[PDB]
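S.K.: Model the following, please.
(chains A, B and C, ligands or ions: 8)
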Amino acid sequence: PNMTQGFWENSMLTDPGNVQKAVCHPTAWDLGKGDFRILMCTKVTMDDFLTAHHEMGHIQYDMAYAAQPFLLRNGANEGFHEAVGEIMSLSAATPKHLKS
Amino acid sequence: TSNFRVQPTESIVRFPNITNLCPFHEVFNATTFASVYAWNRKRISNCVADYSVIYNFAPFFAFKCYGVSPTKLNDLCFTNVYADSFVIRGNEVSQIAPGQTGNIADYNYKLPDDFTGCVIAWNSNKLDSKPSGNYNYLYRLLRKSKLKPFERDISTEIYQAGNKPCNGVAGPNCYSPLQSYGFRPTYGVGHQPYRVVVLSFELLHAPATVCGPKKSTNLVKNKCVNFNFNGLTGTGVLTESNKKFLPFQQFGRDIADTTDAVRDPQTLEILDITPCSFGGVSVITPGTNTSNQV
Amino acid sequence: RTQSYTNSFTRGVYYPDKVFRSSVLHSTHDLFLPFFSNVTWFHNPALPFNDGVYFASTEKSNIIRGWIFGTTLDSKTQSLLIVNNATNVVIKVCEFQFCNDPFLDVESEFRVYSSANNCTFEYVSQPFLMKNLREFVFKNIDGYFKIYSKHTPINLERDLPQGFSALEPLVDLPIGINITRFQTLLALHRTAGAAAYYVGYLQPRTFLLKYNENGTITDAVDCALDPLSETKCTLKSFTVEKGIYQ
Ligand SMILES: *[C@@H]1O[C@H](CO)[C@@H](O)[C@H](O)[C@H]1NC(C)=O
Ligand SMILES: *[C@@H]1O[C@H](CO)[C@@H](O)[C@H](O)[C@H]1NC(C)=O
Ligand SMILES: *[C@@H]1O[C@H](CO)[C@@H](O)[C@H](O)[C@H]1NC(C)=O
Ligand SMILES: *[C@@H]1O[C@H](CO)[C@@H](O)[C@H](O)[C@H]1NC(C)=O
Ligand SMILES: *[C@@H]1O[C@H](CO)[C@@H](O)[C@H](O)[C@H]1NC(C)=O
Ligand SMILES: *[C@@H]1O[C@H](CO)[C@@H](O)[C@H](O)[C@H]1NC(C)=O
Ligand SMILES: *[C@@H]1O[C@H](CO)[C@@H](O)[C@H](O)[C@H]1NC(C)=O
Ligand SMILES: [Zn+2]
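M.R.: Numbering: from 1, shown residues only, chains lettered A, B, ... in the order given. Ligands and ions are numbered 1, 2, ... in the order given. Structure as follows:
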């Protein structure tokens, strides 16, 4: 599926700069009850593009397991979650994808 | 040879005006729909039900009609109309339907198996959501047995899932059945508060008194027209009448038990009816041996 | 309270249907109060409604206030209340648990009814009641409760005057409840009071009604009353000429 209008409205994908003070470590937040956001000071770079792919992989995982109960609303083990991020990150950087 | 008859040119329908309109702006736009566990049961009767305003209200997330066709909503008439207003979450909308089982369906409100009506739902995140949280709305998630169709339960007894009496207090294996929705603007679609008003139509052994509004056409006078005046149908020429009716009388009949005057439903005016001209046609002919002129 | 009796005379005729007839003798089969029939005068707690009822009140003080209708007169079965105060008439169709002896204080209606658990119907209209005889005809036919009424100035006389006053339909209601018994509610001040009302019971009958130029029922003939009336109904004329008629 594709991203929520709430995700687009609430998520801060661009560095506010100036007066605003914030942490720039990328993170995908599954706040709960259908709220998903990305906290990323994203600039126009290839590494930032791939990191955005990784974070949206996180959010797709979170959306997928949303139906299950709260205690089970996690990855099957500690590795699958970043694994699902990293497979998308690897596929994004392929020259075929770049040319497409 | 034959008969000559003047066909009607136009069809005219005159019905009493619709000054009576059903309180649709009361069941909707109530600014407070209570909760699904205690649903508002409002009786709509003795009024003309116009769904034009219902369509003119906010766009509906779910407008599904089971018993009454959406096209024939205005056409069909019912004795009494019941509207149930409550606020439920996005995913709980599907449970309000015939044959669907879920927490809300079984423990809060059950649409009957043979329900006739339309389920009307629309988003209410603007009004029913607050940054602090709309804890006022509640729903029930613990109960002894499933609810029968169209039932209301408001009494809070501590659920005794355990083997020991709860004694009316909370604790181990003793939970209050009522639980609170929390509504915030940032919630995603599917958990946002949705306002649902369920229209229930029932037929009873009584006059319906609830018929959709019926259109009226401009009166045509001194012309052969089809006419339907407040349920009295016919073909004729409508002219001004010197006759004066009594207030309660609406029609007029002659010695031959045929309608001769009708009172116009909208403006009180006595219109005399003359049958449209008819007569035999005869062909005067000299012998066809002599000539073909007739 | 005081079951006396009187003669009805030619009273209780009403317009059967909402049609206009000019200078026409029309024969109609309907529920009518038969001519020269004995009518109970009140000066069994619930008088049987039967097919219909005819109620008459002649008091100048207008002390009579409304009526009550029901099948069993309890919370079990639906019931009907009509209360007429100075401003407007109120008709409430509710499952009314009534007092055994209903009456009103009139600025309060508390004395009348004990409870109203569910209300099926409501209606508000201009007041019915206004040397004045007020006659009412009540009947529930094919699910519609119909009330006809007439207000006639009467000269001071002991009984119902000998004349024709056709009762004009006032209210048709789609109540649709079965009505077996009725009762008359009286206004008492919490003071002794006395009121007198006439009750008659309608019957299936055939009547011959005369409509004048302006559509009013000037006269009526009850076919089954007497042989001359039967002859008039057969010939459909008030004036009958010399001869022998089958
Ligand atoms: C994206 O999501 C919207 C609903 O939010 C949906 O209508 C649309 O089809 C989806 N896909 C595309 C390609 O926009
Ligand atoms: C941060 O939050 C404060 C309230 O604590 C608010 O006044 C301010 O506008 C917000 N933004 C910035 C950039 O400080
Ligand atoms: C995927 O499909 C789109 C359809 O327009 C096409 O343009 C694109 O080249 C395709 N990508 C690959 C990698 O085949
Ligand atoms: C229809 O509307 C007119 C005013 O435009 C009103 O005078 C008339 O009484 C209405 N019809 C009825 C049956 O009341
Ligand atoms: C008559 O009864 C109606 C019932 O709604 C009430 O509103 C009105 O005040 C009453 N008037 C008097 C004079 O009792
Ligand atoms: C309406 O009246 C009927 C009378 O039989 C009763 O059974 C029913 O409970 C009433 N409705 C409500 C909501 O109390
Ligand atoms: C009908 O006309 C006559 C006069 O021709 C008049 O006396 C009578 O009162 C009229 N009808 C009514 C109901 O006024
Ligand atoms: Zn990651």
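S.K.: Contacts only, for the residue in chain A positioned nearest to ligand 7.
M.R.: Of all residues in chain A, residue A:5 sits closest to ligand 7, at 72.0 Å by CB to the nearest ligand atom. C-beta here means a position set from N, CA and C on the backbone, and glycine is covered the same way. Residue A:5 makes contact with residue B:189 under the criterion CB atoms under 8 Å, 6 or more residues apart in numbering or on different chains.
S.K.: Give me the distance between it and ligand 4.
M.R.: To ligand 4, residue A:5 is 47 Å away according to CB to the nearest ligand atom, to the nearest Å.
S.K.: same question, residue C:162
M.R.: 40 Å.
S.K.: same deal with residue B:167?
M.R.: 64 Å.
S.K.: Name the helix or strand for that residue, please.
M.R.: Using DSSP states H and E, residue B:167 sits in no helix or strand.
S.K.: is stretch B:268-275 up against ligand 4 anywhere?
M.R.: No. Judged by CB under 6 Å from any ligand atom, stretch B:268-275 and ligand 4 are separated, with a smallest distance of 7.6 Å.
S.K.: Residue nearest the middle of chain C, spatially speaking?
M.R.: In chain C, the centroid-proximal residue (CA atoms, centre = their mean) is residue C:137; its distance is 2.1 Å.
S.K.: On the three-state scheme, that residue is what?
M.R.: strand (DSSP: H, G, I helix; E, B strand; the rest coil).
S.K.: Give the closest residue to it in space, chain neighbours not counted.
M.R.: In this structure, residue C:137 finds its nearest non-sequential neighbour in residue C:148, 4.2 Å apart by CB to CB, 6 or more residues apart in numbering or on different chains.
S.K.: Checking my notes, the one you found in a strand, right?
M.R.: Yes. Membership of residue C:148 in a strand is supported by three-state DSSP.
S.K.: residues in contact with it?
M.R.: C:14-15, C:136-137, C:167-170.
S.K.: now for the residues you listed, which pair is the farthest apart?
M.R.: C:15 and C:136 (14.0 Å; CB to CB).
S.K.: and residue B:283, how far is that from residue B:294?
M.R.: 5 Å (CB to CB, to the nearest Å).
S.K.: Just checking stretch C:163-174 against chain B, any contact.
M.R.: Yes. Using CB under 8 Å from any CB of the partner chain, we find that stretch C:163-174 touches chain B at C:168-169, C:174.
S.K.: starting at the chain centroid, how far to whichever strand or helix holds residue C:228?
M.R.: Element membership for residue C:228, per DSSP H and E: helix C:227-235. How far helix C:227-235 lies from its chain's middle: 27 Å, per CA atoms, centre = their mean, to the nearest Å.
S.K.: and it, what does it pack onto?
M.R.: When contacts are defined as 3 or more CB pairs under 8 Å, 6 or more residues apart in numbering or on different chains; DSSP states H and E, helix C:227-235 packs onto strand C:203-211, strand C:217-222.
S.K.: what's the single longest helix in chain A?
M.R.: helix A:46-64 (DSSP state H).
S.K.: can you give me the helices in the stretch 1-150 of chain B?
M.R.: Taking DSSP state H, counting those that start in this stretch as the test, the helices found in the stretch 1-150 of chain B are B:24-27, B:52-56, B:103-107, B:125-128.
S.K.: just to revisit the earlier point, just want to know which of residue C:15 and residue C:136 has more residues nearby.
M.R.: residue C:136 (23 against 20; other CB atoms under 10 Å in any protein chain shown).
S.K.: ok, now how distant is residue C:27 from ligand 8?
M.R.: Distance of residue C:27 to ligand 8, given as CB to the ion, to the nearest Å: 97 Å.
S.K.: got the contact list for that residue?
M.R.: C:206-209, C:233, C:236.
S.K.: Doesn't it belong to a strand?
M.R.: Yes. Under three-state DSSP, residue C:27 sits within a strand.
S.K.: Assess the claim that residue C:32 and residue C:208 are in contact.
M.R.: No. Counting by CB atoms under 8 Å, residue C:32 does not reach residue C:208; the two are 11.2 Å apart.
S.K.: Just want to know which of these two has more residues nearby.
M.R.: Ranked by neighbour count (other CB under 10 Å), residue C:32 and residue C:208 place residue C:32 first, with 24 against 21.
S.K.: Specify which member of the residues of stretch C:163-174 next to chain B is nearest to residue A:56.
M.R.: Looking across these and measuring by CB to CB, the closest to residue A:56 is residue C:174, at 63.3 Å.
S.K.: Quick check: closest non-adjacent residue to the closest one.
M.R.: Per CB to CB, 6+ apart, closest to residue C:174 is residue B:207, 3.3 Å.
S.K.: Counting neighbours, what do you get for the one you found?
M.R.: Applying other CB under 10 Å, we find 17 residues neighbouring residue B:207.
S.K.: Residue A:1: what's it in contact with?
M.R.: Contacts of residue A:1 (CB under 8 Å, 6+ apart): A:60, A:63.
S.K.: ok, it to residue A:58 distance?
M.R.: Separation of residue A:1 from residue A:58 (CB to CB) stands at 14 Å.
S.K.: same check, this time on residue C:195
M.R.: To residue A:58, residue C:195 is 87 Å away according to CB to CB.
S.K.: Flag every buried residue along the longest helix of chain A.
M.R.: A:49-63 (16 or more other CB atoms under 10 Å in any protein chain shown).
S.K.: check whether that helix contacts chain B.
M.R.: No. Helix A:46-64 lies out of reach of chain B by CB under 8 Å from any CB, never closer than 9.6 Å.
S.K.: Can you give the contact residues for that helix?
M.R.: Taking CB under 8 Å, 6+ apart as the rule, helix A:46-64 contacts A:1, A:3, A:7, A:13, A:26-28, A:30, A:36, A:38, A:40, A:42, A:75, A:81, A:84-89, A:92-93.
S.K.: what's the single longest strand in chain C?
M.R.: Ranked by residue count and defined by DSSP state E, the top strand of chain C is strand C:113-125.
S.K.: touching ligand 5 at all, stretch C:88-98?
M.R.: Yes. Residues of stretch C:88-98 contacting ligand 5 under CB under 6 Å from any ligand atom: C:88, C:90.
S.K.: how distant is that stretch from the center of its chain?
M.R.: Centre to centre, stretch against its chain (CA atoms, centre = their mean), the figure for stretch C:88-98 is 18 Å.
S.K.: can you list contacts of that stretch?
M.R.: When contacts are defined by CB under 8 Å, 6+ apart, stretch C:88-98 is touched by residues C:68, C:70, C:73-84, C:112-128, C:171, C:173, C:175, C:177.
S.K.: sorry, back to before: can you tell me which of the helices of the stretch 1-150 of chain B comes nearest to ligand 4?
M.R.: Nearest to ligand 4, of the helices of the stretch 1-150 of chain B and by CB to the nearest ligand atom, is helix B:52-56 at 17.8 Å.
S.K.: Next, count neighbours for the residue in chain C that ligand 8 sits nearest to.
M.R.: Relative to ligand 8, the nearest point of chain C is residue C:118 (62.9 Å; CB to the ion). Applying other CB under 10 Å, we find 10 residues neighbouring residue C:118.
S.K.: try residue A:71
M.R.: Counted with other CB under 10 Å, residue A:71 comes out at 6.
S.K.: same question, residue B:115
M.R.: 20.
S.K.: Could you measure from it over to residue B:90?
M.R.: Distance from residue B:115 to residue B:90, by CB to CB: 21 Å.
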